[PDB]
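Beneath this line is the structure, given in structure tokens, with notes to follow.
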Amino acid sequence: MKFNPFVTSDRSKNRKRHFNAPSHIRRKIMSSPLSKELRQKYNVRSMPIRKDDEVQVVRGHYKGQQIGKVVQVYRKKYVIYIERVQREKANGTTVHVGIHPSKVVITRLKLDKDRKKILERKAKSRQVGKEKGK
Amino acid sequence: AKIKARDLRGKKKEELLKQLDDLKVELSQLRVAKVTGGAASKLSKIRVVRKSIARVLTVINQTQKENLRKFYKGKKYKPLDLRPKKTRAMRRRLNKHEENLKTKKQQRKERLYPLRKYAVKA
Amino acid sequence: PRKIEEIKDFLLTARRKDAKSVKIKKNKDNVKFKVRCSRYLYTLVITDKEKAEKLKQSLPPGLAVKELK
Amino acid sequence: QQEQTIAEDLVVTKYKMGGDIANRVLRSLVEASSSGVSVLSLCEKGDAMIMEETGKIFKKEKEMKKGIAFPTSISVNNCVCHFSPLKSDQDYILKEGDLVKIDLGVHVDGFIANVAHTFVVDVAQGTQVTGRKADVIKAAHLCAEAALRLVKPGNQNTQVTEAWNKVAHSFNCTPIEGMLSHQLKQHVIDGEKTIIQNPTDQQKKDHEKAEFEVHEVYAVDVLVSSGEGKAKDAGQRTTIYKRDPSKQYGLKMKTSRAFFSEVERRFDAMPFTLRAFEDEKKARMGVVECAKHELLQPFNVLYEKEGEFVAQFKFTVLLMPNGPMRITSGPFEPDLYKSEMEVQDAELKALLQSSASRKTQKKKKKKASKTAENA
Amino acid sequence: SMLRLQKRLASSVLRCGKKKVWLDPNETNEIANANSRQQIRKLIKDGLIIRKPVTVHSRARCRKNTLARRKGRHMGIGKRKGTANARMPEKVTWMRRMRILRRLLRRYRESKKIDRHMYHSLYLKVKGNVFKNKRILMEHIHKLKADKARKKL
Amino acid sequence: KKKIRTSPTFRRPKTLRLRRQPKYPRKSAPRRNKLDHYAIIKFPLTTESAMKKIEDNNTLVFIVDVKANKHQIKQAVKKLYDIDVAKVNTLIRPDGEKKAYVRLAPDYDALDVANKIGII
RNA sequence: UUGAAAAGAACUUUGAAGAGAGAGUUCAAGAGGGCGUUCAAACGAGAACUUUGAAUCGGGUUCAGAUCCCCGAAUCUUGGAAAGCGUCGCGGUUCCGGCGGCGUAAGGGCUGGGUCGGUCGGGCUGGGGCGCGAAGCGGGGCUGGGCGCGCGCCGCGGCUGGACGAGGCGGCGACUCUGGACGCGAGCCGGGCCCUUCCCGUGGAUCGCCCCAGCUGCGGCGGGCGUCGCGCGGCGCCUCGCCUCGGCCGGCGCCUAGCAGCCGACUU
RNA sequence: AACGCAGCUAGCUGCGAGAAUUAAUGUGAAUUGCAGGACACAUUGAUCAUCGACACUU
């Protein structure tokens with residue numbers, strides 16, 4: 001179950017540590033999986049979402065195979081905006097629909113120097129998990 | 002330009018006062034350009050100048066106080082802010098040297114009769 | 002405002018270093034000469050108009066002379 | 007009632023007489039540019055040549071109104087419109103490869119011609135223009151032909167507006183939100199039956215719908231941004247004002263009354279600049295109160311992001327019973343701009359492609375009308 | 002349309018009340034755009050805003066009657082409603098007679114018609130309400146002098 | 037005949053009083069002046085009845101700090117702009133600022149001083 | 001406590017509006033923002049009620065502050081008329097929101113209670129001097145004649161722009177009129193300068209006055225007699241009609257049961 | 001306790017004329033109602049947390 005007396009299994013406290021959590025911890029709540037092929041180039045399973053990286057929806061009304069990149073990450077409302085996922089406002093103008101980052105898979109990773117750490121930090125920790133089985 | 006704080010920390014006082022009192026000119030100009038309608042290209046700069054004037058003054062004061070610590074190091078008395086301020090009742094506490102002084106009678110009873118490490122079998 | 006009765010002590014009160022201006026007003030009957038100083042506006046009231054054109058000519062230089070007629 | 011329409015000969019002759027003097031001074035001033043020519047000197051040179059040849063013509067008759075309708079505006083790369091600098095303002099020595107937009111207008115008898123053009127400083131005759139400059143300039147030029155050929159009587163503002171959107175975003179550029187291309191009439195530089203582009207929801211809910219009619223003279227302005235299409239002023243001083251006639255307010259300050267009376271004695275409801283008063287201090291501290299109490303509408307200089315390129319084309323057009331007719335056109339060579347992006351909507355390709363082979367003569371459209379019943 | 006402003010400024014520059022301020026009801030629009038004092042003053046020399054004359058409170062009803070009460074036409078027994086001490090104070094009449102009689106008795110002292118030994122006698126005669134008025138004191142002196150000038154004979 | 041007292045009351049004698057000469061200063065550095073010239077004057081006014089003052093009365097009007105007296109206002113307008121101040125007036129306005137009516141010298145003109153500042 | 005997400009209701013239509021009727025979003029609007037005194041006129045849509053009209057001091061100033069701001073003075077006359085105010089007039093319509101004229105029965109009090117000669121304020125005259133129309137001097141300029149000058153009225157000439165008719169089994173050239181602007185024919189007529197001349201300023205004479213010189217009287221009126229005139233008039237005496245121009249001094253002169261005039265109050 | 005501080009700000013909140021924060025250390029691409037402007041992301045860093053430096057009107 002949970003054998004730690006200093007973390008809580010409480011409902012109303014787990015919800016308060018979520019809905020007004022600070023915005024750098026709120027970054028890693030908004031994580032997202034990878035494809036089944038990009039878990040083989042790297043050795044990572046999930047990774048926090050970024051401003052500009054190609055992604056696709058897998059659940060919901062906009063379910064499709066269209067690799068459209070992220071164009072805004074909006075942590076105040078726990079949501080991201082996709083390029084070719086919009087919605088015709090009745091006015092004539094066109095707004096975006098926001099979707100949750102647990103519902104999208106990343107098929108292209110915006111890679112620079114800060115990603116190469118956290119993609120190698122999560123990679124080294126999964127070989128240490130395989131030497132405790134010998 | 003980029004008014005970086007660690008950049009400023011190698012300089013003398015005159016160019017830290019030079020770069021201050023002209024940054025205090027543009028802040029006065031934007032307050033002129035705020036009472037005449039203005040424009041957000043000018044009025045989103047008011048915070049940029051203010052938090053830069055705050056940045057130059059801290060690099061002055063952190064370097065000023067740094068020289069006062071270097072000057073009163075080996076002194077019997079330091080001024081009443083250059084001496085530490087943990088809390089009030091932890092300054093009334095005895096110093097380390099006097100926190101464990103034993104009388105000459107006391108350190109004879111600890112010399113002749115030390116606590117032995119014994120062990121009782123059964 | 003003091004009133005100067007005689008002409009001779011009007012020229013010296015006008016040629017002081019602090020006397021700023023002279024303003025001449027020609028009324029119907031007489032001519033009043035007014036000299037502004039630091040503390041007082043001194044007034045010379047004189048009626049003989051042949052002397053009033055003499056006195057305007059007999060004034061020290063560098064002293065403002067704006068007539069009021 | 008009293009004011010004549012374009013139903014007379016001399017009226018259209020005065021429209022020609024304004025448009026060609028604007029074209030003559032515009033071509034001479036474009037050719038008279040180089041890397042380095044002072045913008046203030048250019049605006050002086052433009053208003054000097056307009057005053058010079060306005061003093062040349064029609065001087066037998068002492069009461070005819072003619073002269074500077076819209077003063078000379080010389081904008082920059084980032085800049086948007088209406089930049090006429092002052093003496094105490096800071097002037098830009100021009101430089102190789104800079105987007106220069108030249109705008110000016112001339113009125114005859116209360117009949118107004120306005121013309122603006124956009125090009126590049128000192129691209130040589132063997133050298134050619136590339137990149138995002140060429141993208142946004144060919145964007146605005148295809149928006150110019152889309153206005154030139156999508157305005158016909160019976161339409162609305164909506165068709166040309168929402169075809170400009172597709173042209174500029176097939177160039178992946180954006181029309182700036184909230185401009186008005188104006189209705190011209192007798193001594194009226196702006197009526198109400200206008201053209202919006204890219205409107206926000208209050209300014210299009212309140213933009214009253216209308217229909218292009220016959221015997222009608224419109225000025226079309228196109229300002230396409232190579233960025234977001236959301237321009238705003240930056241604190242640069244507005245030096246161009248016009249007098250709004252219906253407003254009545256008696257100014258309390260003596261300075262502003264002297265200013266507003268000199269405006270009446272020099273130009274009635276015509277746009278003007280603050281250089282003309284040559285003691286500008288008194289004019290500035292009068293024009294503060296005048297602009298506050300709605301007595302002079304300003305022409306606010308706008309900018310955009312650092313690194314932008316906003317292209318402008320303004321021309322008037324005349325509605326005959328034949329339809330719209332071009333009377334002024336800025337001197338443009340579309341071949342020199344190399345833009346990889348262009349309009350890709352195939353119907354809009356054929357729509358803009360149709361009129362390219364049409365601009366051959368203005369009499370071939372009526373010459374073949376006798377041949378229609380021939381076979 | 003609404004001229005509460007222009008009525009108020011007009012009464013200031015005319016230095017009168019708002020009762021006496023006439024606005025021209027035909028040229029309402031020229032008056033109505035007047036937001037300052039100088040623009041009010043402009044409309045006063047141009048004759049649109051006029052200070053009305055004072056209403057008439059003439060004194061002709063009450064000055065004819067003064068000329069008839071100067072003669073005593075309205076005094077009577079039954080038009081008076083104060084005491085004879087309240088109408089004309091009886092101290093003031095005594096305080097008048099003693100001015101009149103002592104001054105004429107002082108006229109005869111330095112004009113040498115009476116000596117001191119009669120002036121100081123007749124002064125106490127005036128004090129004791131002996132002499133009714135001036136034409137009684139005067140010929141009482143003439144009879145008093147003649148017999149005293151006859152005691153010299 | 038030397039220890040003599042002709043005064044019937046023993047008044048306390050006057051003993052010597054030394055002055056302070058401390059071993060160490062109480063506070064580290066002298067504090068920096070926070071109400072300098074650039075913090076006296078906050079912004080100038082541009083309202084329409086403030087514009088009856090520049091031409092028609094030869095004066096600027098600023099919004100100055102409440103902790104500033106008329107000598108500190110006069111020393112500031114001269115220091116920022118290199119000009120000559122005739123007299124200053126003040127009133128604390130009901131918003132809570134302090135509106136100063138600084139009048140320039142008659143040799144100078146406030147139409148050109150407001151030109152260099154920028155409310156013109 | 002809307003809803004998963006604001007996709008929070010485009011557009012049309014009645015109304016001045018709040019409010020509706022179609023339309024649209026949504027699985028859902030049975031989820032639509034706390035949602036599971038009289039009369040007349042004016043402005044306005046609308047009028048018993050709104051607005052307009054009739055029944056340490058002085059001066060200025062604002063939409064709102066002034067003994068605080070500006071200007072000026074400070075701690076009968078100077079201030080003082082250059083300011084206010086009352087009128088009258090010109091210019092001008094957000095410079096104009098500026099400027100000039102003219103004005104400011106009984107009840108009391110005041111003076112003298114006087115004649116005449118000398119002196120003085122004086123009043124008057126002679127010598128000399130002062131102001132001036134005008135002859136004349138310095139001259140300014142709506143006069144009388146000439147000249148550059150209106151970039152004129154009327155008509156003519158040439159240039160250039162515009163427009164139009166006509167035509168081909170998408171192809172281009174020709175013809176004509178007028179507008180601008182100039183020059184021409186002074187045919188026409190309006191505004192300024194040069195000479196005597198229109199016109200004021202200055203000095204001397206008459207004329208009017210004053211200084212010096214001469215006396216304490218000079219200037220003026222009405223009736224009878226005489227009476228003449230080139231609108232203007234006039235003269236000499238007597239006067240029981242006159243003002244004796246008045247003050248001081250000095251022979252000189254006494255109202256004395258007190259007058260003469262002038263003003264002025266309200267009372268019984 | 002009082003009073004002040006935001007480009008658009010009244011309340012709550014935060015802060016003290018360096019005034020919805022400065023520096024340093026982690027972290028590593030945003031804050032967000034509208035805008036604006038930084039930000040090669042190692043020629044140094046938006047943001048949030050921390051908090052040991054500096055500052056702290058009456």
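These protein sequence lines are chains A, B, C, D, E and F, in that order. Here the UniProt record's numbering is used: the first residue of the first sequence is 1, the next is one more, and so on. Here the UniProt record's numbering is used: the first residue of the second sequence is 2, the next is one more, and so on. Here the UniProt record's numbering is used: the first residue of the third sequence is 2, the next is one more, and so on. Here the UniProt record's numbering is used: the first residue of the fourth sequence is 7, the next is one more, and so on. Here the UniProt record's numbering is used: the first residue of the fifth sequence is 2, the next is one more, and so on. Here the UniProt record's numbering is used: the first residue of the sixth sequence is 37, the next is one more, and so on. Here a beta-carbon is modelled for each residue, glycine too, at the ideal position from N, C-alpha and C.
Closest to residue i by CA distance: which of the options is it?
i	options	result
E84(F)	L357(D), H299(D) and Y309(D)	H299(D)
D207(D)	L109(A), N14(A) and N91(A)	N91(A)
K41(A)	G129(A), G133(A) and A123(A)	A123(A)
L342(D)	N204(D), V82(D), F266(D) and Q131(D)	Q131(D)
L10(E)	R52(E), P26(E) and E28(E)	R52(E)
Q96(D)	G233(D), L46(D) and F265(D)	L46(D)
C49(D)	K71(D), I80(D), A145(D) and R33(D)	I80(D)
Would you please state the rounded distance, in angstroms, between the beta carbons of residue i and residue j? I believe it to be under 8 Å.
i	j	result
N30(E)	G256(D)	Their Cβ separation, rounded to whole angstroms, is 13 Å, which puts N30(E) and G256(D) out of contact at 8 Å.
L44(B)	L31(B)	7 Å
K26(C)	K67(C)	Not a contact, Cβ separation roughly 10 Å.
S32(A)	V105(A)	7 Å
By DSSP, does residue i sit in helix, in strand, or in coil?
i	result
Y60(F)	coil
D114(A)	helix
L147(F)	helix
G11(B)	coil
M185(D)	strand
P330(D)	strand
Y41(C)	coil
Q56(A)	strand
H143(E)	helix
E31(E)	helix
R87(A)	strand
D53(D)	helix
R52(E)	strand
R27(A)	helix
Give me the chain F residues within the contact set of residue i, using Cβ-Cβ distance strictly less than 7 Å, ordered along the chain.
i	result
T261(D)	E91
Under 8 Å between beta-carbons, which chain F residues line up against residue i? List them in chain order, please.
i	result
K287(D)	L147, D148, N151 and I156
Using 8 Å as the limit for Cβ to Cβ distance, is residue i near chain F?
i	result
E295(D)	yes
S45(B)	no
The ligand ADP and residue i: does any heavy atom of the ligand fall closer than 7 Å to the residue's C-beta?
i	result
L31(B)	Looking at this structure, you won't find the ligand ADP or any other ligand, since it has none at all.
From the beta carbon of residue i, is the nearest beta carbon of chain B less than 8 Å away?
i	result
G241(D)	yes
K311(D)	no
Would you mind telling me which residues of chain F sit closer than 9 Å to residue i, beta carbon to beta carbon, in chain order?
i	result
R290(D)	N151 and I156
Going along chain D in order, which residues have a C-beta closer than 9 Å to the C-beta of residue i?
i	result
residue 1(E)	With chain E covering 2 to 154 only, the question about residue 1(E) has no answer from this structure.
Would a check of beta-carbon distances place residue i closer than 8 Å to chain D?
i	result
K106(F)	no
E84(F)	yes
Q7(E)	no
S59(E)	no
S2(E)	no
Give me the chain D residues within the contact set of residue i, using Cβ-Cβ distance strictly less than 8 Å, ordered along the chain.
i	result
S37(E)	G256 and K258
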